[PDB]
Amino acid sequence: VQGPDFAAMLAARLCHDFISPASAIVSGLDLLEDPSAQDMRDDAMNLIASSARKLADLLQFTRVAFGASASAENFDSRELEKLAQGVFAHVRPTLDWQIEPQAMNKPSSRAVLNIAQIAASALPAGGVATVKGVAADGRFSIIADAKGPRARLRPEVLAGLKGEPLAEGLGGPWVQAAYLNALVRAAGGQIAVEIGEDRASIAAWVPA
């Protein structure tokens, strides 16, 4: 019998992302109660508030990017931009959301959120993730261009985007890429990648 290896890997990734702002809330509350750290009262309160914001943003994004079913549902592209903006708020790269306000089907919506976060993670020293999406020729086509110093799609991300098993690398970046590949291919669509100097692009289309 096949184990829940893939679901465990996704669970491990989500825990890892949530534990960082959650433990900071615990540590911030520790500092408020500590009589020795009464000089950092304002800094501890700002740590709790920023970690609560980060955690709320990550959970709201996860809800649609990973928690959504494959059942038919339309999403507002403006609401999806809010979710992507939320995760980009706590990382060094900036977001250039160029999708004109419109209704997006479920595969398009799940795909655009995962593509935007993979583009952000391709930027280790900042830069810009440009997100484009057009409804044309019976498809919804997405392209996220990550431009910045040493922009790179890691080998486990490239393996995941092709639906290949995890070889060299961490499960965390691989599992999101493999999840995106499986939902796009289940919808009858395709994933494409572009790699250049200080640039990486992730493209996907789904029927629409």
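Numbering starts at 1 and follows the sequence shown.
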*With respect to the recorded C-alpha B factors, which stretch has the higher mean value, 68 to 76 or 114 to 122?*
68 to 76
*Which of 34 to 42 and 166 to 174 has higher mean CA B factor, as the PDB entry lists it*: 34 to 42
*Looking at 157, 47, 142, 182, which has the highest Cα B-factor in the entry?*
47
*asked:* Could you place residue 192 in the lowest, middle or highest third of its chain by Cα temperature factor, using the values in the record?
replied: middle
_Quick check on the deposited entry: does the C-alpha B-factor of residue 208 sit in the lowest, middle or highest third of its chain?_
highest
*When the modelled residues of the chain are sorted by Cα temperature factor, does residue 7 land in the lowest, middle or highest third?*
middle
_Third of chain Cα B-factors occupied by residue 138_ = highest
*Where the record places residue 29 (Cα B-factor, split into thirds across the chain)*: highest
